[PDB]
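In: the data below comprise the sequence and an experimental structure of the protein.
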Amino acid sequence: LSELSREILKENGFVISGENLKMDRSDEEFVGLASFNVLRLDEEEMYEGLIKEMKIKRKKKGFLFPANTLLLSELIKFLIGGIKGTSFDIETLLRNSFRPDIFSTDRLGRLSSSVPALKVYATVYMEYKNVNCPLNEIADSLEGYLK
């Protein structure tokens, strides 16, 4: 996640566990963790294992909800993995999901521009093949995703 997205999530009451690197600050006697053999472990293995357990949990009973988070996790996953989304699109989606008073007017970039383009592609494919192709259906599905 970007720094602005993390700041928006932290302002909404979310804390991201997985980056729990409290950098040892108050000068006094942290005793009770000297039982792990860290010296015989690879740093690359720990770096690979720390990324794979990144979970965002809430600490306060604010105005954010299980259903919106449950939808938004898969929406962000489909935005990054399913399509070639950018961090500005993530910030736009988070602003549209959390802050309705801020008018982020159509800052999703490539997908909104790709809405008519695949329809024109499908128009050309129908006009040159006369065989049904789901390019228009893919464009309509991602348009419904924008809806």
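Out: Looks like it came in fine. Residues are numbered from 1 along each chain as shown.

In: contacts, neighbours, all on C-alpha from now
Out: Noted.

In: identify the residues contacting residue 57.
Out: For residue 57, the contact set (Cα atoms under 8 Å, 6 or more residues apart in numbering) comprises 14-17.

In: just those: which are in strands?
Out: 14-17 (DSSP state E).

In: drop anything exposed from those residues.
Out: For these, a neighbour count by 16 or more other Cα atoms under 10 Å gives the buried set as 14-15.

In: which one of the ones in strands among the contacts of residue 57 is nearest residue 62?
Out: residue 14 (9.8 Å; Cα to Cα).

In: how far away is that closest one from residue 74?
Out: 17 Å (Cα to Cα, to the nearest Å).

In: from the contact counts, what lies against the lengthiest helix in the chain?
Out: Scanning the chain for the helix with the most residues, using DSSP state H, yields helix 110-129. Helices and strands touching helix 110-129, by 3 or more Cα pairs under 8 Å, 6 or more residues apart in numbering; DSSP states H and E, are helix 135-146.

In: if you count neighbours, what's buried in the helix it packs on?
Out: For helix 135-146, by 16+ other Cα under 10 Å, it's 135-136, 139-140, 142.

In: from those residues, which single one is nearest residue 112?
Out: residue 142 (8.9 Å).

In: which residues touch that closest one?
Out: 111, 115.

In: got it, and residue 62?
Out: So residue 62 contacts 12-13 (Cα under 8 Å, 6+ apart).

In: three-state assignment of residue 57?
Out: strand (DSSP: H, G, I helix; E, B strand; the rest coil).

In: look up how far residue 116 lies from it.
Out: The separation that residue 57 has from residue 116, given Cα to Cα, amounts to 38 Å.

In: helix or strand next in line after the strand or helix carrying residue 67, which one?
Out: Element membership for residue 67 (DSSP states H and E) is helix 66-77. Where DSSP H and E defines the elements, the next helix or strand beyond helix 66-77 is helix 87-98.

In: any idea how far that next one is from the chain center?
Out: Centre-to-centre, helix 87-98 and its host chain are 9 Å apart (Cα atoms, centre = their mean, to the nearest Å).

In: list the buried residues in it.
Out: 87, 89-95, 98.
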